[PDB]
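1. I need the structure of the sequence given here:
(chains A, B, C, D, E, F, G, H and I, ligands or ions: 1)
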Amino acid sequence: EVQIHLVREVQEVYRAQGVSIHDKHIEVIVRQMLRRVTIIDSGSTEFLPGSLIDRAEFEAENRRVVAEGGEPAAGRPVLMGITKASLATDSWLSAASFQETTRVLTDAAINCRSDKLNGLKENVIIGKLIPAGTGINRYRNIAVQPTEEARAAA
Amino acid sequence: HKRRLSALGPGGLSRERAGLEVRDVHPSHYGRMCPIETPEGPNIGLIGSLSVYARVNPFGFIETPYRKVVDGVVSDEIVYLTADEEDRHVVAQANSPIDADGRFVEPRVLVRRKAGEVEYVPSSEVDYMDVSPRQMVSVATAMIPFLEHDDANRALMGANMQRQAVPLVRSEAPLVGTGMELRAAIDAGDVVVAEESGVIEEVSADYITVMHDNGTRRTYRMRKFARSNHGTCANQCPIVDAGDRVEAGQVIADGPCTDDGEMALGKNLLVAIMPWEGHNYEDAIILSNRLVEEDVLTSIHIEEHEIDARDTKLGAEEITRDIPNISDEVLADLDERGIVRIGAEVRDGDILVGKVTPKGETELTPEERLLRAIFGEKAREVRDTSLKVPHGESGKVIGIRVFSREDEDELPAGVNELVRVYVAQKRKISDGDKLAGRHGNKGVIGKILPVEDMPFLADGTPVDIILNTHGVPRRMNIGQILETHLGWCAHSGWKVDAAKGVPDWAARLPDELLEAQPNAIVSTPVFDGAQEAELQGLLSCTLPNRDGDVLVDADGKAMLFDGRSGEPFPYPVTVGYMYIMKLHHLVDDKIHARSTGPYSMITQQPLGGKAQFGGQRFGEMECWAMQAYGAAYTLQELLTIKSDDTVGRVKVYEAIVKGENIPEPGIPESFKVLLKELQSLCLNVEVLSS
Amino acid sequence: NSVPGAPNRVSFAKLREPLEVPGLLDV
Amino acid sequence: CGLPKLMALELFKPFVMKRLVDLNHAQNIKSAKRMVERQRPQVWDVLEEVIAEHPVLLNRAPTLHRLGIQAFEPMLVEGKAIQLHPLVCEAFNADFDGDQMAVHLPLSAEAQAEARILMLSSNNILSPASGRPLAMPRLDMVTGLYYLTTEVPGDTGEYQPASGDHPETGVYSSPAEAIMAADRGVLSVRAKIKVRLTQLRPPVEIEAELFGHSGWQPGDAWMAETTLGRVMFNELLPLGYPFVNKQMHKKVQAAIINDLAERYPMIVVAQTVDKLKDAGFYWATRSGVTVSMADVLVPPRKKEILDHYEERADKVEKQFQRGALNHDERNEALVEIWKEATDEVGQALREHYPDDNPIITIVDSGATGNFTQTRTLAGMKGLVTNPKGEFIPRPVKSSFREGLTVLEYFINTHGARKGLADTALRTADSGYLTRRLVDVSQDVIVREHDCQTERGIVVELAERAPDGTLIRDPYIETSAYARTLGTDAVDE
Amino acid sequence: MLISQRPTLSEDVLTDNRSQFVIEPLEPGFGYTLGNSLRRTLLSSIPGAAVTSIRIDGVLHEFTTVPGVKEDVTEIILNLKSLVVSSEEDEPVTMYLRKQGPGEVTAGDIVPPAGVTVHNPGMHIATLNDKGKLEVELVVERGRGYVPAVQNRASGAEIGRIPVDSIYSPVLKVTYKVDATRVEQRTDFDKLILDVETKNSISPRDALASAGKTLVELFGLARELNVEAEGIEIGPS
Amino acid sequence: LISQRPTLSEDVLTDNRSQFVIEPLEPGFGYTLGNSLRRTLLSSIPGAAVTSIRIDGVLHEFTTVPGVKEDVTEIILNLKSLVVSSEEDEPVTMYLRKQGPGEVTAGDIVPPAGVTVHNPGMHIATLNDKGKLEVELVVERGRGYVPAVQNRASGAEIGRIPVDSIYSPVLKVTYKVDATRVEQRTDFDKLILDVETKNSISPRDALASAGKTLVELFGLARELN
Amino acid sequence: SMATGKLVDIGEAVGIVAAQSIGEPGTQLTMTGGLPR
Amino acid sequence: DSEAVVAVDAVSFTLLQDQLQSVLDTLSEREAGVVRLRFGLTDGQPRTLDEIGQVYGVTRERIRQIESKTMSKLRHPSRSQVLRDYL
Amino acid sequence: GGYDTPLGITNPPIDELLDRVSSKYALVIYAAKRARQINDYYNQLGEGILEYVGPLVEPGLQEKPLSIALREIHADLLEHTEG
Ligand SMILES: [Mg+2]
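-> Numbering: from 1, shown residues only, chains lettered A, B, ... in the order given. Sure, the structure comes next:
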């Protein structure tokens, strides 16, 4: 319901200025808003109540933890703001440049949180070939040879 | 720039901390600070100018003249009122009908209340009337005819560009103007004014000896070809003859942008308003080749270069012809000591000041040792840094000013000889130059057409420039159209019929206007100008040129012939004369390019700026866009081996010159700097593959 | 008007103003 | 893209140095560089050879979206300015008032490939946002084609079917014959005639009526009553496309180009749009659209409307002077009365103008400008805002052709300067919001073909009437299109 | 003067009567000077014959109804207008298009008198339903350019005769454009590209030559004032 | 077809301008022929103009001369409007010396044999008691517009001041047609053409050279066939 | 994919396309009913 | 950075080395070895007359004569127009 | 099919080029690696032989190798496997 509401609400403003935008863009944005869930009951597997973790990680660790430690944590769907979603990032280098860079960096060093270089932001910063467009491994590793018939003919 | 008001600086508010409300226009600005003229950048409202009639209170306020009106009778006691005592009272306007004895004939009169309110006052309570119209407006904005027909946006753009005209080599006066071009030019400073009434003794191109009426004589040294603060010329030609008698307060020598005393910021050109071939698409402007042929738009640009002789540890800097490794043919134009001589045409990258520095001794590479062994050349230990003229700048060399420490000139510390070279060139008009009329209608030059392929008039006169129709109605600035009609009327010359007396449209039109010679100068005041009846009726009677040739109808249009195809256009086209300008946003002052030039010092990025070769900031949204295509390799190219791959740049240049594959992009410098700083900040940064 | 070296530029001034433009660099 | 030769001479300098080392014009690279500085005129030929088939990038700052960067084929042109193709000005948002553009240059073969294939002009035609094209014709050429395809009865050489002793005397056997009879001064272009067409595809009614299976235009011959201009117009469109026979509004042209892009390959569409640009300019020349102040006609009974609503406002303000109603209610009544008068004057202006008035012609074509700008040209400005945001109850009663008063123009300054400052603040804050959106959505790419779920949203999709008549929902093109049905659809 | 560069003429040959002529290079800008005049010469200077007016038996005033045919009168008219025939006499010569019985009428079914020649005899004109008989008399003379239908000045003779249009030019569609070839070393020269499409009467190769002959005989009038006036020659071929 | 080959007759109005009428023509042709001759006459008639000057008192373009009222660039702008007609293609050199007070006209310039200035009344400069004027000029046959050639493109010294050259003997060209076009199809055009030359060569001599140029051009196409 | 007209590929950064498509007409957003909304 | 890599001088010095090796290989083997060991062009260390006469088993005088003859052979503008352009 | 001829940078048409590969990105890296093979061929003609095949179709007078690569892709003389 809140997705259907938000799409209609923002699209209404773009209607009011007479600008046609396809809805799937707003769908992509709201999908990023509704990634994380809160915790109100810890279960029994390293959970603080009120913590915001990803939904898919939560569901996967629950389907692992139902055997041998079967206390599923009570999760609730939460709507977090765009800046709030940005600050709830994956890597320290992925954040690194938004808000209280010092406070990000200090507990980044405390947690010793290693990056995996999966976004494009970090790969831009280190100048690596980013995993997008021409950059993913399906297109990066294309073997190229002529056809053998034309190879023999020429 | 004089008479300019600013709200930013020390003491006052800053730019970004200031809100939106002080940018706006309170009604107390009326008559004091002009609500039109302001920069349109990120300074809107913060920088205005004074009104024409404004004057500063000894208490630092802005006083304002008013004709006080008593008992309905307008007196002539001019009263300088300030803002608070304005709100005490209530003020009528300039367009108030007088019975030639002061008194208003309207019982209900426009008036301004203290809070900016406008009412129809019963015509007894008014104690002040305006001294004139245009009391609200600035100086430069009061040089726009038909201001009252233009919207404030394009009027703001036109008035802001009107300070950006360049001086032509001719400086021809406009046909159509205001009453401000004489007074503003005699207050401009750059017009030599005859101080004391007398008679001319002897003139020159450099001085006028005036013979005063009682005894004394006085010269006035003309400034010829002086460089201004932006490369523009400052010629001052005299305009009187030897037997002439002059008076005090009279113009005796025109300045840069003046003609016969009054202002002249451009030329008068035959213009048509048709859309032609897509070359005048979206404010693009086409020209005739005749503007190139007759140098109608041509400015003289004067650029001053500079180099110093300086002390050092290894010796002293030396300015001489001894400039190791070099032909003798490129050392032809310079004198016996390295500097060029007056009048030598230079290109880009030549030698201006032959000057060499001591370098000392390093080891020689053995290949260089072999080559110097073969050719019998010495080491020639001194290193040459001569003053080379930078890219795309050429022309004559007018003047050399040279300073010397040994010649007891004042110099900065450690400096031995300072020489400056005045380089000058005469730029033509060119496609890309920024032109604008006096209404905000601006634009680059689309295409300089030849003189034959042009929509030309039935007499064989070609039009000069051609604007666009589509940019006119949506920008709400039809003052250019009224200027066009009035310009054709003034160019052609008229004489209305008085056989049945005055025609009814020309009743309020005052006398010595019923006739006009062709090419006669006219002036519309700003808010008291030609009305629709006057302009159209005067356009009706517009006497022919050489034969019986009523070229332009009563509507203001004319039948043009296509210079390209040859058939007539099927519809009559609006033509006439508009006074336009050339602006200082020229192409050579903006063209900028670099393959390999200077880098930075701290970072390994290429250095930027047109003073250098300079680079282009591939910014953030650019990175966003190339991520959005997904062109990842080209993004890697732009981020690495054009910016900071120090070992990569030389190998890419080498692989291009060998004609080979472009190698793999290495690790950029800006990442390694971040890595070293994080290691310096007591953080063990680890890099792992598995 | 009323400047001894002014060229004869003709006006459309319907209203005759009393006050002249001051010495603009007084500020 | 056109390109200044002295700029490209510096950009492509290692390329031209390598190539004139390959040709025997220099012993090394050093004398090659010196010759590049001395510009020996064979170097321009070598520069042509190295610029031949090597794409470059172009960018207008700021980069608002993906089409802010495009790749064009350079070509050496006289002058010192960058010649831009006019149909990408909508993508760059680049008017020619002096805005500069930045040129880059790819180096590696991968970079040349990415520039040639991805960021090329011909491959990026539609919106990335909402699928509508941006190479679509505009300001001038829209007016050109609108004049070229409009239909004017009462014209010279117009068809009549009536036959006295004479025949009907209107038909023409070939469009070539029509061109000859139009170059002679008999036929006007916008006159209605009856040609016999042999190279154009008839519409689905006529095509299915005559030939049923395929009214295939390479061989077939058929007649129609149109104008000459629309026949020449459909000559620009490709062979497979049917005849249009409408008056080319910009919306019509948008629908046409959408149709072409959804049916035909892209390189056909690029050529079609180029040919439309040429024809649109060529008939924007002959359109005769000029602006004279004699063509800014005023409505004659404007003054009595002003008298009407002035007496109404006089009664309202006199009632406020009685003190029976307060300051706010009388101000709101003044606002409503002068808005009524504004719409009255705009109504009278709209009915007064003939259609060949160029000012109303540009608007009704849909090139640029709404009707309110025309109304404020001729008629009445109406309400000008308070600097706070309210309305000034005076209001301006004059047009720009009439010329405002001192006070009216002073009132107009408030809203003008407020709009400028608001525009600066809006473009800065819109940049900031674009920052935040890139901050969020930077990690959402496609990684798999299909997740193969069966969940999914529903779309309203052209709701019915109370009668049951399925009226099309207006917001389907933004919602329902470019989607994949996760479920089937069955019909009762 | 010295031409400093010689313009040349190289033909490209498209489909049979649609030759494509280009001229390169040209002094800026002579492409517009000569290409438009060449186009107008191709359209309006070449002699050629066409049908001036026909007359049909049975047609009375209604001009829509012919017995025994499938076709409409105006369709027959526009078929007859698109009929190439050359004539070698400066006089209105008449013909006869006659056929009885059902079937299809071709262009080849007509009988040509002296001077006239059908250049596409396998052109369909008419079809006759069932035992109909047609007799149409055509008036063909020759001339230049284009002409509309001549009015009813000739009226009493035109009681059965009705006038039609007459395309006298052998060309049908002529269009052109310019270019800007080699702007640096040849210093902004121009290249004309022509596209002429004629009927099978004459080749466009020949039509261009005849138009060049008419234009040079035209400008001989301008040349024969001062032969000793220095123009700008081109030189050797 | 109508049977008359076109005729070209002449109409004199003044010395430096004249008219021309050409009749009969084909309908729809006169505008095209007039545009053809206009684009020819206005653009490609060979003439002769001044190219580069040298004044002993100065060394460059952007200075003054002691004694005269104007300056060097104003002298350039005045001399740019001269008219002169040569006979041969070599670069001839004329001279001008003037001393003492007085006005300097164009008529005071002495040319060598062969070349001639046609506007003696044109003002150049005026001088005083201190006035000392010496200037040489270089005139060459040429055609069309040409920008000033560079001194480094020349082999010359500092004294030469290159000027743009305008080889246009014509001044102004227009025309009009009179389309008869009766309703008897004996229809023809009547091109009344107008020439104004700037008193260098006759309008007849201009028009004949333009016609010979067109005979050359159309010649090309006409038989390279 | 809204610009290709065909199906989207397996490498498109649809997030940045969406971000620019939403953020672009903010200049045309002529105004709590606007950009801060 | 006035002490930065000009990046055209690097590839120019590379081409210098390359055509330098070509011109040195236009002559005989002993002479090219003499010049390379003399000016250190093969290692970086200029081996003097004693080392060259040691590695060739001959006097210092013969090395001086051979080196003077190589200087005579190098001094052809035919051989050395490309070398003259390098400085 | 029969629409028009292209010219210059747009020849071969990508509307035909996409008919051969899966998506456009494969066409990009495919053409790029083929162009690197062709540049490796042109560099190695100075030295000895190797099996680096190329070019296959006739090149131009002075034609860019990426153009030759795309033209050979259009002529279907080449093949590939994805990553
Ligand atoms: Mg702009």
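2. OK, contacts around the residue of chain C found nearest chain I?
-> Nearest residue of chain C to chain I, counting by CB to the nearest CB: residue C:9, 58.1 Å away. To be clear about C-beta, it is placed using only N, CA and C from the backbone, and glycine gets the same treatment. The contact partners of residue C:9, by CB atoms under 8 Å, 6 or more residues apart in numbering or on different chains, come to B:177, B:179, B:181, B:182, B:262, B:521, B:522, B:523.
3. so the third one sits against residue B:262, correct?
-> Yes. Contact criterion CB atoms under 8 Å: residue B:181 and residue B:262 qualify, at 4.0 Å.
4. now the contacts of residue C:9 as TSV including secondary structure and distance to chain D?
-> As requested, the contacts of residue C:9 are arranged in TSV below (DSSP: H, G, I helix; E, B strand; the rest coil; distance: CB to the nearest CB, whole Å):
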residue	secondary structure	distance to chain D
B:177	coil	18
B:179	coil	17
B:181	helix	21
B:182	helix	23
B:262	strand	25
B:521	coil	22
B:522	strand	17
B:523	strand	17
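5. export the residues you listed to CSV and tack on distance to residue E:189 and neighbour count?
-> Output for the contacts of residue C:9, formatted as CSV (distance: CB to CB, whole Å; neighbours: other CB atoms under 10 Å in any protein chain shown):
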residue, distance to residue E:189, neighbour count
B:177, 44, 24
B:179, 52, 23
B:181, 46, 23
B:182, 50, 24
B:262, 46, 27
B:521, 45, 19
B:522, 46, 20
B:523, 48, 21
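6. from these, which are also near chain C?
-> When contact is defined as CB under 8 Å from any CB of the partner chain, the contacts of residue C:9 meet chain C at B:177, B:179, B:181, B:182, B:262, B:521, B:522, B:523.
7. ok, back up a step: hey, what's in contact with both of residue B:181 and residue B:262?
-> By CB under 8 Å, 6+ apart, residue B:181 and residue B:262 have these common neighbours: B:173, C:9.
8. quick check: closest non-adjacent residue to the closest residue to chain B within chain A.
-> Residue nearest to chain B within chain A: residue A:133 (1.7 Å; CB to the nearest CB). Among residues not flanking residue A:133 along the chain, residue B:630 sits closest, at 1.7 Å (CB to CB, 6 or more residues apart in numbering or on different chains).
9. I'd say the one you found and residue A:129 touch.
-> No. At 11.4 Å, residue B:630 does not count as touching residue A:129 under the criterion of CB under 8 Å.
10. shared neighbours of the two, anything?
-> In contact with both residue B:630 and residue A:129: residue A:135, using CB under 8 Å, 6+ apart.
11. kindly report the residues of chain H close to chain D.
-> Residues of chain H lying near chain D by CB under 8 Å from any CB: H:8, H:11, H:12, H:15, H:19, H:81, H:82, H:85, H:86.
12. am I right that the second one is in contact with residue B:653?
-> Yes. With contacts defined as CB under 8 Å, residue H:11 counts as touching residue B:653 at a distance of 6.2 Å.
13. so what's the residue count around residue D:433?
-> For residue D:433, the neighbour count with other CB atoms under 10 Å in any protein chain shown is 17.
14. where does chain E come near chain B, residue by residue?
-> Applying CB under 8 Å from any CB, one finds that chain E approaches chain B through E:28, E:29, E:32, E:36.
15. same thing but at 10 Å, please
-> Neighbours of chain B within chain E, by CB under 10 Å from any CB of the partner chain: E:28, E:29, E:31, E:32, E:33, E:36, E:37, E:40, E:178.
16. returning to that earlier point: and the gap between the residue of chain C closest to chain I and residue B:439?
-> Noted for residue C:9: a distance of 20 Å to residue B:439, by CB to CB, to the nearest Å.
17. also residue A:142?
-> 59 Å.
18. so what's the residue in chain H that chain E sits nearest to up against?
-> Chain H approaches chain E most closely through residue H:8 (25.3 Å), counting by CB to the nearest CB. By CB atoms under 10 Å, 6 or more residues apart in numbering or on different chains, the contact list for residue H:8 reads B:595, B:596, B:650, B:653, B:654, B:657, D:13, D:14, D:17, D:29, D:30, D:33.
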